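See below for the structure under consideration.
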Amino acid sequence: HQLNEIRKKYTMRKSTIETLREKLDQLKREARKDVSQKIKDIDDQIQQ
Amino acid sequence: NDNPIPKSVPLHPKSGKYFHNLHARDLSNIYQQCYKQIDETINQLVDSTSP
């Protein structure tokens with residue numbers, strides 16, 4: 706069971722990298738959305 | 004004629020002081036400032052717009 710727990714720790718490391726990948730995906734999505742909104746707002750302010 | 008108000012009189016030295024004092028308002032500084040402002044506004048506009 707300790708060896709199985711070590712395999713579970715490896716799977717948990719894979720879960721942590723999956724959590725990292727989902728966090729990177731959400732971070733990139735929020736970052737692109739905010740940067741696009743900010744660029745549009747800055748362009749609108751510059752046009753005004 | 005009638006009321007003694009002549010249409011015009013010869014210039015006097017006291018009148019000459021006011022004639023010398025009278026001048027057109029000078030706008031050369033204002034025109035230079037307006038030209039500088041419009042030129043700098045054009046320069047700012049050149050890179051202001053998003054590419």
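Those sequence lines, one after another, are chains A and C. So the mapping is simple: the deposited numbering equals the position in the first sequence, first residue as 1, plus 705. So the mapping is simple: the deposited numbering equals the position in the second sequence, first residue as 1, plus 3. All residues carry an ideal CB built from backbone N, CA and C; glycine is no exception.
>> Our contact map puts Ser31/C next to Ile751/A with C-beta atoms below 8 Å; I'd like the distance itself, whole angstroms only.
In response: Counting from 1 along the second sequence, the entry for residue 31/C is found at position 28. Counting from 1 along the first sequence, the entry for residue 751/A is found at position 46. In fact, because the Cβ distance is near 34 Å, the residues do not count as touching under 8 Å.
>> Quick check on the DSSP output: the alpha helix (DSSP H) that includes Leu48/C runs from which residue to which?
In response: Counting from 1 along the second sequence, the entry for residue 48/C is found at position 45. Unbroken alpha helix (DSSP H) run through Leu48/C: 31-51.
> Between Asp42/C and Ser53/C, what straight-line distance do the alpha-carbon atoms span, to the nearest angstrom?
Replying inline: As a first step, residue 42/C is located in the second sequence; it is residue number 39 there, counting from the start. As a first step, residue 53/C is located in the second sequence; it is residue number 50 there, counting from the start. Near 20 Å, if we compare the C-alpha coordinates of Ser53/C and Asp42/C.
>> Can you tell me where the alpha helix (DSSP H) holding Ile744/A begins and where it ends?
In response: The count along the first sequence starts at 1 and reaches residue 744/A at position 39. Where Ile744/A is concerned, the enclosing alpha helix (DSSP H) stretches over 707-752.
> Can you give the Cα-Cα distance for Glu723/A and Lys714/A, rounded to whole angstroms?
Replying inline: Looking up residue 723/A in the first sequence gives position 18. Looking up residue 714/A in the first sequence gives position 9. Cα to Cα, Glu723/A sits roughly 14 Å from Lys714/A.
> Residues of chain A with a CB under 9 Å from the CB of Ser51/C: which are they?
Replying inline: In the second sequence, residue 51/C corresponds to position 48, counting from 1. Within chain A, the residues near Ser51/C are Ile751.
>> Just verifying my parser: in three-state terms, what is the DSSP assignment at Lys10/C?
In response: As a working note, residue 10/C is residue 7 in the second sequence. In the structure shown, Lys10/C sits in coil (DSSP, three-state: anything other than H, G, I, E or B).
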